[PDB]
Amino acid sequence: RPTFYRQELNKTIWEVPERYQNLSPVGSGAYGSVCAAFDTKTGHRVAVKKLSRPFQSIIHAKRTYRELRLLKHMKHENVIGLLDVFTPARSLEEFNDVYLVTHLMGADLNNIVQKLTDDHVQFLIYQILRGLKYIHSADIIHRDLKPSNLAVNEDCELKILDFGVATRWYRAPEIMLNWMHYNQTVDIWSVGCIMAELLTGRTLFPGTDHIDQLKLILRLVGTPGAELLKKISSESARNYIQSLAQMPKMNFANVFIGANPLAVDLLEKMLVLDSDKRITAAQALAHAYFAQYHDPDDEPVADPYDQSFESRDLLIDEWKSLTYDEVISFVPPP
Ligand SMILES: Nc1c(C(=O)NCc2ccc(C(=O)NCCCC3CCCCC3)cc2)cnn1-c1ccccc1
Ligand code: NA
């Protein structure tokens with residue numbers, strides 16, 4: 001077990017291994033309680049996140065466990081990974097604080113987007129889809145993909161993260177309200193909204209609320225057809241839909257005027273209202289738009305992820321003990 005040192009940063013106490021030096025708060029609360037640090041083991045800059053009141057309630061304790069399980073799972077170039085997790089505690093009874101260490105990323109896509117060049121759009125969306133193929137293969141759904149959850153270094157290498165840009169702007173209509181029926185392609189909707197905004201410089205669906213959000217979405221993609229309406233089990237949802245004056249699907253070529261026609265064709269496949277018909281991440285990687293980058297031998301799937309804990313109703317100290325187990329069993333990447 002390593003030697004720790006104590007300091008106070010912008011109102012928060014930080015007890016970290018001497019391995020991590022030169023701690024400097026980043027963002028403000030945008031990312032949580034996060035410090036840029038120098039990792040003396042590797043000679044790389046890292047980010048250290050100290051979880052806030054991780055075991056204050058059952059729900060905090062389960063969120064803490066969930067975050068650590070997800071982070072320990074992720075082993076892909078386009079997904080944030082866990083470099084280290086540590087507690088200053090020497091025992092479970094002493095255990096109250098959880099620090100996570102990741103790569104320090106350069107900028108988010110919110111603090112980048114001005115238009116981008118079509119080549120930079122191809123590469124960034126390619127990497128998002130490559131990461132999504134990976135987490136979708138583990139039956140993980142991001143559910144809050146948006147530009148602030150995407151980080152990109154000066155080299156344009158991109159990682160998917162979740163720090164949690166209104167979420168509603170990027171959210172699939174089927175999970176805008178009554179979230180009882182959806183699939184992995186809720187994330188593909190979000191990618192379509194992100195790609196549109198990289199191409200145009202403008203939020204595609206800047207809804208002021210959930211009702212304005214659905215209105216903007218149906219304006220572009222049209223009101224549900226007969227085939228989709230047959231699949232809506234919520235009577236309230238059906239009554240809302242069928243009370244709207246009918247609207248045709250726009251020709252996306254007439255909306256994204258001047259865009260690469262292959263980018264427009266991929267947007268048409270991502271922003272399909274019917275989630276049964278929406279392109280998957282694996283399918284989208286094989287789309288002609290990514291001809292320059294697609295390598296079907298270098299788009300790996302994930303190991304299976306046991307999310308059986310999500311269904312469990314446990315006490316604070318149980319979630320705490322499980323979290324402690326995961327800290328102890330952590331094996332750093334080589
Ligand atoms: N602020 C940070 C950090 C940071 O906070 N690291 C620490 C950090 C800790 C956790 C996460 C995270 O994602 N928890 C959820 C994990 C599982 C999801 C992964 C995705 C798929 C769905 C499951 C993220 C970060 C690193 N770089 N920058 C940074 C960025 C831009 C500019 C300047 C600095
Ligand atoms: Na979403």
# chains A, B, ... in the order shown; residues from 1 in each chain; ligands from 1
>>> residues_around(residues="residue 182 (chain A)", least_positions_apart="6", cutoff="8 Å", atoms="only C-alpha atoms", output="number ranges by chain")
A: 174-175, 275
>>> write_last_selection(atoms="N, CA, C and O atoms", output="short mmCIF file (atom, residue, chain, number, x, y, z; two decimals), in the first residue's frame")
data_model
loop_
_atom_site.label_atom_id
_atom_site.label_comp_id
_atom_site.auth_asym_id
_atom_site.auth_seq_id
_atom_site.Cartn_x
_atom_site.Cartn_y
_atom_site.Cartn_z
N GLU A 174 -38.36 8.21 -28.41
CA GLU A 174 -39.02 7.05 -27.71
C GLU A 174 -38.69 7.11 -26.21
O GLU A 174 -39.44 6.50 -25.44
N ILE A 175 -37.61 7.79 -25.82
CA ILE A 175 -37.28 7.93 -24.36
C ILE A 175 -37.34 9.40 -23.95
O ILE A 175 -36.74 9.74 -22.93
N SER A 275 -37.41 3.01 -33.83
CA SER A 275 -36.12 2.52 -33.28
C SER A 275 -35.84 1.09 -33.75
O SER A 275 -34.66 0.68 -33.71
#
>>> residues_near_ligand(ligand="ligand 1", cutoff="6 Å", atoms="only C-alpha atoms and all ligand atoms", output="ChimeraX atom specification")
/A:31,34,47-49,67,70-71,79-80,102-108,142,151,160-163
>>> residues_around(residues="region 237-253 of chain A", least_positions_apart="2", cutoff="7 Å", atoms="only C-alpha atoms", output="JSON, numbers by chain")
{"A": [219, 220, 221, 222, 223, 232, 234, 235, 255, 256, 257, 264, 268]}
>>> write_last_selection(atoms="C-alpha atoms", output="compact mmCIF listing (two decimals), in the first residue's frame")
# COMPACT_ATOMS: atom_id res chain seq x y z
CA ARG A 219 -40.99 18.63 -38.04
CA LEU A 220 -37.83 16.97 -39.54
CA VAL A 221 -38.67 13.21 -39.41
CA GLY A 222 -42.48 13.50 -39.87
CA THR A 223 -45.34 12.22 -37.67
CA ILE A 232 -47.12 2.49 -29.38
CA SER A 234 -49.13 4.03 -24.23
CA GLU A 235 -52.71 5.33 -24.86
CA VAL A 255 -32.16 20.43 -44.85
CA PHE A 256 -28.36 19.68 -44.82
CA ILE A 257 -27.87 21.62 -48.07
CA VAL A 264 -26.89 13.01 -45.42
CA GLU A 268 -31.37 9.61 -42.66
>>> residues_around(residues="residue 271 (chain A)", least_positions_apart="4", cutoff="12 Å", atoms="only C-alpha atoms", output="ChimeraX atom specification")
/A:170-174,185-196,204-205,217-218,220-222,249-250,252,264-267,275-280
>>> write_last_selection(atoms="N, CA, C and O atoms", output="compact mmCIF listing (two decimals), in the first residue's frame")
# COMPACT_ATOMS: atom_id res chain seq x y z
N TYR A 170 -30.51 16.00 -27.48
CA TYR A 170 -29.85 14.86 -28.13
C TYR A 170 -30.62 13.58 -27.85
O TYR A 170 -30.19 12.52 -28.32
N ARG A 171 -31.78 13.68 -27.21
CA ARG A 171 -32.43 12.45 -26.72
C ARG A 171 -33.46 11.91 -27.71
O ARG A 171 -34.18 12.70 -28.38
N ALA A 172 -33.46 10.59 -27.90
CA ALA A 172 -34.36 9.88 -28.84
C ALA A 172 -35.80 10.09 -28.41
O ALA A 172 -36.09 10.14 -27.21
N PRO A 173 -36.73 10.33 -29.35
CA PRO A 173 -38.11 10.62 -28.99
C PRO A 173 -38.71 9.48 -28.15
O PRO A 173 -39.47 9.81 -27.24
N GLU A 174 -38.36 8.21 -28.41
CA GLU A 174 -39.02 7.05 -27.71
C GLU A 174 -38.69 7.11 -26.21
O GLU A 174 -39.44 6.50 -25.44
N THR A 185 -30.31 1.73 -29.82
CA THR A 185 -30.22 2.79 -30.86
C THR A 185 -30.74 4.12 -30.30
O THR A 185 -30.66 5.10 -31.04
N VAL A 186 -31.20 4.22 -29.04
CA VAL A 186 -31.37 5.59 -28.45
C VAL A 186 -30.04 6.32 -28.60
O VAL A 186 -30.02 7.56 -28.84
N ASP A 187 -28.91 5.62 -28.50
CA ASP A 187 -27.60 6.30 -28.56
C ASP A 187 -27.29 6.72 -30.00
O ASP A 187 -26.61 7.72 -30.20
N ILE A 188 -27.74 5.95 -30.96
CA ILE A 188 -27.56 6.25 -32.40
C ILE A 188 -28.36 7.52 -32.77
O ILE A 188 -27.85 8.34 -33.50
N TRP A 189 -29.53 7.72 -32.21
CA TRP A 189 -30.27 9.00 -32.37
C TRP A 189 -29.37 10.15 -31.93
O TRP A 189 -29.28 11.15 -32.63
N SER A 190 -28.79 10.03 -30.75
CA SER A 190 -27.94 11.09 -30.17
C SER A 190 -26.78 11.34 -31.13
O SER A 190 -26.45 12.48 -31.36
N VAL A 191 -26.18 10.27 -31.67
CA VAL A 191 -25.04 10.45 -32.62
C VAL A 191 -25.53 11.23 -33.84
O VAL A 191 -24.79 12.08 -34.36
N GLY A 192 -26.71 10.92 -34.37
CA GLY A 192 -27.27 11.68 -35.50
C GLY A 192 -27.38 13.15 -35.16
O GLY A 192 -27.04 13.98 -36.03
N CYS A 193 -27.86 13.50 -33.96
CA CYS A 193 -28.04 14.90 -33.53
C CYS A 193 -26.66 15.56 -33.43
O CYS A 193 -26.49 16.69 -33.85
N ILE A 194 -25.68 14.83 -32.92
CA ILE A 194 -24.30 15.36 -32.75
C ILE A 194 -23.67 15.59 -34.12
O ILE A 194 -23.11 16.65 -34.34
N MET A 195 -23.78 14.63 -35.02
CA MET A 195 -23.18 14.70 -36.37
C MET A 195 -23.80 15.88 -37.13
O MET A 195 -23.07 16.63 -37.73
N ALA A 196 -25.13 16.04 -37.05
CA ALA A 196 -25.84 17.17 -37.71
C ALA A 196 -25.22 18.49 -37.24
O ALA A 196 -24.92 19.35 -38.10
N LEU A 204 -29.45 20.65 -33.73
CA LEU A 204 -30.45 20.19 -34.69
C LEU A 204 -31.84 20.44 -34.12
O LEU A 204 -32.70 20.97 -34.87
N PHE A 205 -32.05 20.09 -32.84
CA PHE A 205 -33.39 20.13 -32.20
C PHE A 205 -33.31 20.85 -30.86
O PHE A 205 -33.27 20.20 -29.80
N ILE A 217 -38.57 17.62 -33.49
CA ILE A 217 -38.14 16.31 -34.05
C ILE A 217 -39.12 15.88 -35.15
O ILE A 217 -38.69 15.59 -36.29
N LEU A 218 -40.43 15.97 -34.89
CA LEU A 218 -41.43 15.47 -35.85
C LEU A 218 -41.44 16.40 -37.08
O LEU A 218 -41.76 15.89 -38.19
N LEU A 220 -38.85 17.53 -38.62
CA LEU A 220 -37.83 16.97 -39.54
C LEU A 220 -38.22 15.56 -40.00
O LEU A 220 -38.18 15.29 -41.22
N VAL A 221 -38.57 14.67 -39.08
CA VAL A 221 -38.67 13.21 -39.41
C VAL A 221 -40.11 12.84 -39.77
O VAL A 221 -40.31 11.73 -40.27
N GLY A 222 -41.07 13.75 -39.57
CA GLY A 222 -42.48 13.50 -39.87
C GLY A 222 -43.17 12.79 -38.71
O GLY A 222 -42.46 12.24 -37.83
N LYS A 249 -42.13 13.52 -43.46
CA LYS A 249 -40.67 13.42 -43.39
C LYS A 249 -40.10 14.44 -44.38
O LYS A 249 -40.61 14.52 -45.51
N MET A 250 -39.19 15.29 -43.92
CA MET A 250 -38.44 16.18 -44.83
C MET A 250 -37.45 15.35 -45.65
O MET A 250 -37.02 14.29 -45.20
N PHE A 252 -33.87 15.05 -46.27
CA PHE A 252 -32.70 15.58 -45.50
C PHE A 252 -31.73 16.33 -46.44
O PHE A 252 -31.02 17.24 -45.95
N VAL A 264 -25.42 12.80 -45.45
CA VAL A 264 -26.89 13.01 -45.42
C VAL A 264 -27.58 11.63 -45.37
O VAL A 264 -28.59 11.48 -44.60
N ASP A 265 -27.03 10.66 -46.11
CA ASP A 265 -27.67 9.33 -46.22
C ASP A 265 -27.52 8.65 -44.85
O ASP A 265 -28.51 8.10 -44.33
N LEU A 266 -26.38 8.82 -44.19
CA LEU A 266 -26.18 8.22 -42.85
C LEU A 266 -27.09 8.91 -41.83
O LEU A 266 -27.68 8.20 -40.99
N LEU A 267 -27.27 10.24 -41.92
CA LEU A 267 -28.19 10.94 -40.99
C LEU A 267 -29.60 10.39 -41.17
O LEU A 267 -30.32 10.23 -40.15
N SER A 275 -37.41 3.01 -33.83
CA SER A 275 -36.12 2.52 -33.28
C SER A 275 -35.84 1.09 -33.75
O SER A 275 -34.66 0.68 -33.71
N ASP A 276 -36.85 0.35 -34.19
CA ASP A 276 -36.65 -0.99 -34.79
C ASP A 276 -35.92 -0.82 -36.13
O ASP A 276 -35.37 -1.79 -36.63
N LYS A 277 -35.96 0.36 -36.75
CA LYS A 277 -35.49 0.51 -38.14
C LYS A 277 -34.20 1.33 -38.17
O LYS A 277 -33.67 1.58 -39.26
N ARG A 278 -33.86 1.92 -37.04
CA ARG A 278 -32.70 2.82 -36.91
C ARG A 278 -31.42 1.99 -37.05
O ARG A 278 -31.34 0.88 -36.48
N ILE A 279 -30.44 2.53 -37.78
CA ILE A 279 -29.13 1.84 -37.95
C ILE A 279 -28.47 1.58 -36.57
O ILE A 279 -28.54 2.43 -35.66
N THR A 280 -27.78 0.46 -36.45
CA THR A 280 -27.00 0.14 -35.25
C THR A 280 -25.60 0.73 -35.39
O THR A 280 -25.22 1.10 -36.52
>>> closest_residue(among="A:216, A:165, A:286, A:180", to="residue 146 (chain A)", atoms="only C-alpha atoms")
A:165
>>> closest_residue(among="A:87, A:24, A:153, A:178", to="residue 2 (chain A)", atoms="only C-alpha atoms")
A:87
>>> residues_around(residues="region 317-332 of chain A", least_positions_apart="6", cutoff="8 Å", atoms="only C-alpha atoms", output="PyMOL selection string")
chain A and resi 55+58+61-62+64-65+68-69+72+82-87+92+95
>>> residues_around(residues="region 73-78 of chain A", least_positions_apart="2", cutoff="9 Å", atoms="only C-alpha atoms", output="PyMOL selection string")
chain A and resi 68-71+80-82+127-132+134-135+157-160+300-305+333
>>> write_last_selection(atoms="N, CA, C and O atoms", output="mmCIF file, in the first residue's frame")
data_model
loop_
_atom_site.group_PDB
_atom_site.id
_atom_site.type_symbol
_atom_site.label_atom_id
_atom_site.label_comp_id
_atom_site.auth_asym_id
_atom_site.auth_seq_id
_atom_site.Cartn_x
_atom_site.Cartn_y
_atom_site.Cartn_z
ATOM 1 N N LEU A 68 -18.101 2.648 -10.696
ATOM 2 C CA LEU A 68 -16.858 1.877 -10.603
ATOM 3 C C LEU A 68 -16.956 0.611 -11.460
ATOM 4 O O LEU A 68 -15.977 0.313 -12.186
ATOM 5 N N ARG A 69 -18.072 -0.098 -11.424
ATOM 6 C CA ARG A 69 -18.217 -1.307 -12.274
ATOM 7 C C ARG A 69 -18.046 -0.926 -13.736
ATOM 8 O O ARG A 69 -17.390 -1.703 -14.476
ATOM 9 N N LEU A 70 -18.721 0.130 -14.205
ATOM 10 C CA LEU A 70 -18.694 0.508 -15.625
ATOM 11 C C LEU A 70 -17.257 0.866 -15.991
ATOM 12 O O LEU A 70 -16.744 0.410 -17.016
ATOM 13 N N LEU A 71 -16.628 1.721 -15.193
ATOM 14 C CA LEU A 71 -15.246 2.187 -15.476
ATOM 15 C C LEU A 71 -14.299 0.999 -15.546
ATOM 16 O O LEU A 71 -13.429 0.999 -16.447
ATOM 17 N N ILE A 80 -13.656 6.057 -22.264
ATOM 18 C CA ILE A 80 -12.808 6.373 -21.090
ATOM 19 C C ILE A 80 -12.510 5.072 -20.357
ATOM 20 O O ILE A 80 -13.374 4.171 -20.325
ATOM 21 N N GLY A 81 -11.299 4.979 -19.829
ATOM 22 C CA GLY A 81 -10.844 3.796 -19.081
ATOM 23 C C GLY A 81 -10.349 4.199 -17.700
ATOM 24 O O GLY A 81 -9.967 5.384 -17.506
ATOM 25 N N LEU A 82 -10.250 3.225 -16.820
ATOM 26 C CA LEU A 82 -9.813 3.463 -15.426
ATOM 27 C C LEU A 82 -8.317 3.152 -15.330
ATOM 28 O O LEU A 82 -7.962 2.028 -15.571
ATOM 29 N N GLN A 127 -15.250 7.366 -34.719
ATOM 30 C CA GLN A 127 -14.746 6.947 -33.395
ATOM 31 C C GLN A 127 -15.897 6.800 -32.407
ATOM 32 O O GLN A 127 -15.811 5.908 -31.563
ATOM 33 N N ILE A 128 -16.855 7.713 -32.431
ATOM 34 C CA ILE A 128 -18.042 7.564 -31.546
ATOM 35 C C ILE A 128 -18.682 6.210 -31.830
ATOM 36 O O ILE A 128 -18.960 5.454 -30.885
ATOM 37 N N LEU A 129 -18.922 5.908 -33.093
ATOM 38 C CA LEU A 129 -19.633 4.663 -33.461
ATOM 39 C C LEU A 129 -18.801 3.449 -33.077
ATOM 40 O O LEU A 129 -19.374 2.440 -32.677
ATOM 41 N N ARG A 130 -17.486 3.533 -33.224
ATOM 42 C CA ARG A 130 -16.586 2.440 -32.839
ATOM 43 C C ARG A 130 -16.724 2.194 -31.332
ATOM 44 O O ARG A 130 -16.791 1.040 -30.925
ATOM 45 N N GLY A 131 -16.683 3.244 -30.500
ATOM 46 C CA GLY A 131 -16.888 3.136 -29.038
ATOM 47 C C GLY A 131 -18.264 2.570 -28.751
ATOM 48 O O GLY A 131 -18.398 1.749 -27.808
ATOM 49 N N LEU A 132 -19.275 3.069 -29.436
ATOM 50 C CA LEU A 132 -20.664 2.592 -29.185
ATOM 51 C C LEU A 132 -20.777 1.122 -29.569
ATOM 52 O O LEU A 132 -21.484 0.380 -28.871
ATOM 53 N N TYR A 134 -18.653 -1.108 -29.233
ATOM 54 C CA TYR A 134 -18.047 -1.756 -28.066
ATOM 55 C C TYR A 134 -19.016 -1.752 -26.870
ATOM 56 O O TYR A 134 -19.319 -2.809 -26.324
ATOM 57 N N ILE A 135 -19.502 -0.599 -26.418
ATOM 58 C CA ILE A 135 -20.337 -0.651 -25.179
ATOM 59 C C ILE A 135 -21.672 -1.338 -25.496
ATOM 60 O O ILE A 135 -22.157 -2.078 -24.605
ATOM 61 N N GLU A 157 -8.219 12.229 -31.510
ATOM 62 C CA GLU A 157 -8.643 10.941 -30.918
ATOM 63 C C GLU A 157 -9.771 11.259 -29.928
ATOM 64 O O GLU A 157 -9.662 12.231 -29.196
ATOM 65 N N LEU A 158 -10.825 10.488 -29.979
ATOM 66 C CA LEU A 158 -12.055 10.805 -29.236
ATOM 67 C C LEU A 158 -12.321 9.684 -28.242
ATOM 68 O O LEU A 158 -12.116 8.513 -28.600
ATOM 69 N N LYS A 159 -12.832 10.052 -27.067
ATOM 70 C CA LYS A 159 -13.331 9.058 -26.096
ATOM 71 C C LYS A 159 -14.749 9.435 -25.692
ATOM 72 O O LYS A 159 -15.055 10.636 -25.505
ATOM 73 N N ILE A 160 -15.573 8.401 -25.568
ATOM 74 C CA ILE A 160 -16.913 8.541 -24.944
ATOM 75 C C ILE A 160 -16.768 8.506 -23.427
ATOM 76 O O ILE A 160 -16.077 7.602 -22.918
ATOM 77 N N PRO A 300 -13.480 -3.735 -32.211
ATOM 78 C CA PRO A 300 -13.646 -4.885 -31.338
ATOM 79 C C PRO A 300 -14.931 -4.769 -30.528
ATOM 80 O O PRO A 300 -15.418 -3.679 -30.349
ATOM 81 N N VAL A 301 -15.447 -5.920 -30.102
ATOM 82 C CA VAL A 301 -16.568 -5.969 -29.125
ATOM 83 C C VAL A 301 -15.977 -6.121 -27.738
ATOM 84 O O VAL A 301 -14.758 -6.385 -27.566
ATOM 85 N N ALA A 302 -16.841 -5.929 -26.767
ATOM 86 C CA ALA A 302 -16.504 -5.919 -25.346
ATOM 87 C C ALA A 302 -16.713 -7.303 -24.774
ATOM 88 O O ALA A 302 -17.510 -8.109 -25.335
ATOM 89 N N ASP A 303 -16.000 -7.579 -23.701
ATOM 90 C CA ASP A 303 -16.303 -8.722 -22.820
ATOM 91 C C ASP A 303 -17.702 -8.517 -22.254
ATOM 92 O O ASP A 303 -18.183 -7.387 -22.074
ATOM 93 N N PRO A 304 -18.413 -9.605 -21.918
ATOM 94 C CA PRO A 304 -19.722 -9.463 -21.293
ATOM 95 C C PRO A 304 -19.590 -8.718 -19.958
ATOM 96 O O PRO A 304 -18.586 -8.804 -19.307
ATOM 97 N N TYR A 305 -20.627 -7.973 -19.657
ATOM 98 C CA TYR A 305 -20.745 -7.109 -18.463
ATOM 99 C C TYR A 305 -21.941 -7.611 -17.677
ATOM 100 O O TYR A 305 -23.072 -7.598 -18.196
ATOM 101 N N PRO A 333 -4.138 -1.319 -15.901
ATOM 102 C CA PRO A 333 -3.760 -1.708 -17.255
ATOM 103 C C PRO A 333 -2.236 -1.680 -17.317
ATOM 104 O O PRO A 333 -1.593 -0.995 -16.522
#
>>> select_by_dssp(residues="region 126-214 of chain A", states="strand (DSSP E)", output="JSON, numbers by chain")
{"A": [150, 151, 152, 158, 159, 160]}
>>> write_last_selection(atoms="N, CA, C and O atoms", output="PDB file, in the first residue's frame")
ATOM      1  N   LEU A 150     -18.250  13.927 -24.829  1.00  0.00           N
ATOM      2  CA  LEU A 150     -17.264  13.438 -25.824  1.00  0.00           C
ATOM      3  C   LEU A 150     -16.040  14.307 -25.693  1.00  0.00           C
ATOM      4  O   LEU A 150     -16.203  15.544 -25.628  1.00  0.00           O
ATOM      5  N   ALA A 151     -14.895  13.670 -25.528  1.00  0.00           N
ATOM      6  CA  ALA A 151     -13.635  14.397 -25.324  1.00  0.00           C
ATOM      7  C   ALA A 151     -12.685  14.038 -26.456  1.00  0.00           C
ATOM      8  O   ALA A 151     -12.664  12.907 -26.897  1.00  0.00           O
ATOM      9  N   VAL A 152     -11.848  14.984 -26.844  1.00  0.00           N
ATOM     10  CA  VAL A 152     -11.061  14.831 -28.085  1.00  0.00           C
ATOM     11  C   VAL A 152      -9.736  15.502 -27.784  1.00  0.00           C
ATOM     12  O   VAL A 152      -9.789  16.568 -27.161  1.00  0.00           O
ATOM     13  N   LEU A 158     -10.825  10.488 -29.979  1.00  0.00           N
ATOM     14  CA  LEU A 158     -12.055  10.805 -29.236  1.00  0.00           C
ATOM     15  C   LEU A 158     -12.321   9.684 -28.242  1.00  0.00           C
ATOM     16  O   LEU A 158     -12.116   8.513 -28.600  1.00  0.00           O
ATOM     17  N   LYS A 159     -12.832  10.052 -27.067  1.00  0.00           N
ATOM     18  CA  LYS A 159     -13.331   9.058 -26.096  1.00  0.00           C
ATOM     19  C   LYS A 159     -14.749   9.435 -25.692  1.00  0.00           C
ATOM     20  O   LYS A 159     -15.055  10.636 -25.505  1.00  0.00           O
ATOM     21  N   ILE A 160     -15.573   8.401 -25.568  1.00  0.00           N
ATOM     22  CA  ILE A 160     -16.913   8.541 -24.944  1.00  0.00           C
ATOM     23  C   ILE A 160     -16.768   8.506 -23.427  1.00  0.00           C
ATOM     24  O   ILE A 160     -16.077   7.602 -22.918  1.00  0.00           O
TER      25      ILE A 160
END
>>> residues_around(residues="region 112-117 of chain A", least_positions_apart="4", cutoff="6 Å", atoms="only C-alpha atoms", output="PDB file with N, CA and C atoms, in the first residue's frame")
ATOM      1  N   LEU A 198     -22.199  18.970 -35.780  1.00  0.00           N
ATOM      2  CA  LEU A 198     -20.800  19.128 -36.297  1.00  0.00           C
ATOM      3  C   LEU A 198     -20.810  19.617 -37.745  1.00  0.00           C
ATOM      4  N   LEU A 199     -21.737  19.146 -38.564  1.00  0.00           N
ATOM      5  CA  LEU A 199     -21.780  19.499 -39.997  1.00  0.00           C
ATOM      6  C   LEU A 199     -22.270  20.929 -40.178  1.00  0.00           C
ATOM      7  N   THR A 200     -23.222  21.378 -39.354  1.00  0.00           N
ATOM      8  CA  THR A 200     -23.978  22.645 -39.597  1.00  0.00           C
ATOM      9  C   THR A 200     -23.531  23.776 -38.655  1.00  0.00           C
ATOM     10  N   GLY A 201     -22.938  23.451 -37.510  1.00  0.00           N
ATOM     11  CA  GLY A 201     -22.620  24.441 -36.468  1.00  0.00           C
ATOM     12  C   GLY A 201     -23.817  24.783 -35.587  1.00  0.00           C
TER      13      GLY A 201
END
>>> atom_distance(atom1="CA of residue 211 (chain A)", atom2="CA of residue 168 (chain A)")
10.4 Å
>>> closest_residue(among="A:38, A:179, A:293, A:309", to="ligand 2", atoms="only C-alpha atoms and all ligand atoms")
A:179
